[PDB]
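Have a look at the structure below, then the notes.
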Amino acid sequence: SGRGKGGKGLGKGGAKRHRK
Amino acid sequence: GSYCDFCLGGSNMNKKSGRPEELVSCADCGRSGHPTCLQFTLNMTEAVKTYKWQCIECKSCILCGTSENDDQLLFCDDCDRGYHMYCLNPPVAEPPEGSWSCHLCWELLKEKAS
Ligand SMILES: [Zn+2]
Ligand SMILES: [Zn+2]
Ligand SMILES: [Zn+2]
Ligand SMILES: [Zn+2]
């Protein structure tokens, strides 16, 4: 969930999850 | 042989908790995951263990199944059917970007009644 490895991400919190 | 990308145990085991559950592998990758570690809902949980729970990455739309914009894709965490929020029947622009149920679940929702 919340997409696996492939970078660092786009968010810096903890709200919402699972997308890609 | 797969396992929860969060415990890497094995469904009947939540390894990180050593407790029983039931992973969900991607019908593309095979990456399994415990709906507890996935924060899934029952319906999701139950729906994703049976059909293609395409890992959120492969998730893409269902209205397109292309990922196209993926900035609108609405991830029905009630089975895992993403819909670019402008693919739905009542298309959103931002509203339930993450949660939100899909149409197959709904028509099935209303069907659940009575
Ligand atoms: Zn787990
Ligand atoms: Zn995948
Ligand atoms: Zn779409
Ligand atoms: Zn659904």
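Chain labels follow the order of the structure tokens: the first chain is A, the next B, and so on; residue numbering restarts at 1 in every chain, and ligands are counted from 1 in their shown order.
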
DSSP helix (DSSP H, G or I) residues within range 9-45 of chain B, as an MDAnalysis selection string: chainID B and resid 42:45

When the cut-off is 9 Å and you count only C-alpha atoms and all ligand atoms, which residues lie near ligand 3, shown as a list in words?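 Using only C-alpha atoms and all ligand atoms, I find these residues within 9 Å of ligand 3: residues 60, 61, 62, 63, 64, 65, 66, 67, 68, 69, 70, 72, 73, 74, 82, 83, 84, 85, 86, 87 and 88 of chain B.
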
Close residues to ligand 4 using only C-alpha atoms and all ligand atoms, limit 6 Å, as a list in words: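 Residues lying within 6 Å of ligand 4: residues 76, 78, 79, 80, 81, 101, 102, 104 and 105 of chain B.
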
Deliver the residues from the most recent selection as a file, using N, CA, C and O atoms, as a tab-separated table (two decimals), in the first residue's frame.
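Heads up, here's the output in selection_36.tsv:
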chain	number	residue	atom	x	y	z
B	76	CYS	N	-10.76	3.05	-4.57
B	76	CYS	CA	-11.80	2.48	-3.76
B	76	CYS	C	-11.16	1.47	-2.84
B	76	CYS	O	-10.94	0.33	-3.24
B	78	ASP	N	-12.26	-0.39	-1.05
B	78	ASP	CA	-13.32	-1.30	-0.69
B	78	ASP	C	-13.25	-2.53	-1.61
B	78	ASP	O	-14.12	-3.40	-1.60
B	79	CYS	N	-12.18	-2.56	-2.41
B	79	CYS	CA	-11.88	-3.65	-3.32
B	79	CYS	C	-10.61	-3.34	-4.10
B	79	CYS	O	-9.92	-4.25	-4.54
B	80	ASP	N	-10.36	-2.04	-4.30
B	80	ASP	CA	-9.17	-1.55	-5.00
B	80	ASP	C	-9.44	-1.26	-6.48
B	80	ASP	O	-8.74	-1.76	-7.36
B	81	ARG	N	-10.47	-0.45	-6.74
B	81	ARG	CA	-10.81	-0.03	-8.11
B	81	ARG	C	-10.62	1.49	-8.24
B	81	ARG	O	-11.54	2.26	-7.94
B	101	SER	N	-15.48	4.71	-2.00
B	101	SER	CA	-15.79	3.42	-2.60
B	101	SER	C	-16.02	3.61	-4.09
B	101	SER	O	-16.22	4.73	-4.56
B	102	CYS	N	-16.03	2.51	-4.82
B	102	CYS	CA	-16.22	2.59	-6.26
B	102	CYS	C	-17.66	2.29	-6.66
B	102	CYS	O	-18.54	2.20	-5.81
B	104	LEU	N	-18.66	-0.50	-8.67
B	104	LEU	CA	-18.95	-1.92	-8.58
B	104	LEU	C	-19.34	-2.29	-7.17
B	104	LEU	O	-20.22	-3.13	-6.94
B	105	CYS	N	-18.74	-1.60	-6.22
B	105	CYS	CA	-19.01	-1.84	-4.80
B	105	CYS	C	-20.32	-1.27	-4.40
B	105	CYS	O	-20.97	-1.76	-3.50

Quick one: residues within 8 Å of residue 34 in chain B, only C-alpha atoms, excluding same-chain residues fewer than 6 positions away - as a list in words? residues 4, 6, 11, 14, 21, 22, 23 and 24 of chain B

Write the residues of the preceding selection, restricted to N, CA, C and O atoms, as a PDB file, in the first residue's frame.
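What ended up in part22.pdb:
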ATOM      1  N   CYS B   4       3.246 -10.006   2.993  1.00  0.00           N
ATOM      2  CA  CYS B   4       2.933  -8.600   3.251  1.00  0.00           C
ATOM      3  C   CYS B   4       4.161  -7.708   3.150  1.00  0.00           C
ATOM      4  O   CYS B   4       5.131  -7.893   3.866  1.00  0.00           O
ATOM      5  N   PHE B   6       4.673  -5.281   4.413  1.00  0.00           N
ATOM      6  CA  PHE B   6       4.806  -4.604   5.710  1.00  0.00           C
ATOM      7  C   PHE B   6       5.388  -5.525   6.796  1.00  0.00           C
ATOM      8  O   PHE B   6       6.000  -5.046   7.748  1.00  0.00           O
ATOM      9  N   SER B  11       0.105 -13.920   5.584  1.00  0.00           N
ATOM     10  CA  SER B  11      -1.352 -13.893   5.808  1.00  0.00           C
ATOM     11  C   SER B  11      -1.757 -14.440   7.176  1.00  0.00           C
ATOM     12  O   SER B  11      -2.039 -13.667   8.091  1.00  0.00           O
ATOM     13  N   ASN B  14       0.919 -12.177  10.873  1.00  0.00           N
ATOM     14  CA  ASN B  14       1.164 -10.754  10.681  1.00  0.00           C
ATOM     15  C   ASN B  14       2.577 -10.438  11.108  1.00  0.00           C
ATOM     16  O   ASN B  14       2.878  -9.322  11.508  1.00  0.00           O
ATOM     17  N   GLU B  21      -4.050 -13.237   9.807  1.00  0.00           N
ATOM     18  CA  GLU B  21      -4.796 -12.300   8.985  1.00  0.00           C
ATOM     19  C   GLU B  21      -4.958 -12.880   7.580  1.00  0.00           C
ATOM     20  O   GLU B  21      -5.384 -14.026   7.429  1.00  0.00           O
ATOM     21  N   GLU B  22      -4.611 -12.102   6.558  1.00  0.00           N
ATOM     22  CA  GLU B  22      -4.715 -12.564   5.176  1.00  0.00           C
ATOM     23  C   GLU B  22      -4.239 -11.506   4.202  1.00  0.00           C
ATOM     24  O   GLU B  22      -4.971 -10.583   3.848  1.00  0.00           O
ATOM     25  N   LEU B  23      -3.002 -11.664   3.792  1.00  0.00           N
ATOM     26  CA  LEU B  23      -2.353 -10.779   2.838  1.00  0.00           C
ATOM     27  C   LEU B  23      -3.190 -10.491   1.601  1.00  0.00           C
ATOM     28  O   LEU B  23      -4.341 -10.907   1.469  1.00  0.00           O
ATOM     29  N   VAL B  24      -2.545  -9.784   0.690  1.00  0.00           N
ATOM     30  CA  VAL B  24      -3.120  -9.419  -0.600  1.00  0.00           C
ATOM     31  C   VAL B  24      -1.992  -9.158  -1.563  1.00  0.00           C
ATOM     32  O   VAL B  24      -1.303  -8.150  -1.447  1.00  0.00           O
TER      33      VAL B  24
END

Can you list every residue of chain A that has an atom at most 10 Å from ligand 2, with its nearest atom pair and the distance in Å to one decimal, using only C-alpha atoms and all ligand atoms, ordered by chain then number, as a tab-separated table?
residue	atom	partner	partner_atom_place_in_ligand_line	distance
A:3	CA	ligand 2	1 (Zn)	8.8
A:4	CA	ligand 2	1 (Zn)	9.0
A:20	CA	ligand 2	1 (Zn)	9.8

Could those residues be written to a file, using N, CA and C atoms, as a PDB file, in the first residue's frame?
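The new file again-v5.pdb reads:
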ATOM      1  N   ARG A   3       2.080   2.561  -2.337  1.00  0.00           N
ATOM      2  CA  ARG A   3       3.105   2.318  -3.347  1.00  0.00           C
ATOM      3  C   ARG A   3       4.412   1.862  -2.694  1.00  0.00           C
ATOM      4  N   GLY A   4       5.140   0.991  -3.385  1.00  0.00           N
ATOM      5  CA  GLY A   4       6.397   0.490  -2.861  1.00  0.00           C
ATOM      6  C   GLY A   4       7.571   1.390  -3.196  1.00  0.00           C
ATOM      7  N   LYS A  20      -0.221   5.330  -5.300  1.00  0.00           N
ATOM      8  CA  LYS A  20       0.822   4.975  -6.272  1.00  0.00           C
ATOM      9  C   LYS A  20       1.927   6.028  -6.265  1.00  0.00           C
TER      10      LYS A  20
END

Mind listing the residues within 12 Å of ligand 1, only C-alpha atoms and all ligand atoms counted, as a PyMOL selection string? (chain A and resi 1) or (chain B and resi 2-25+31-40)
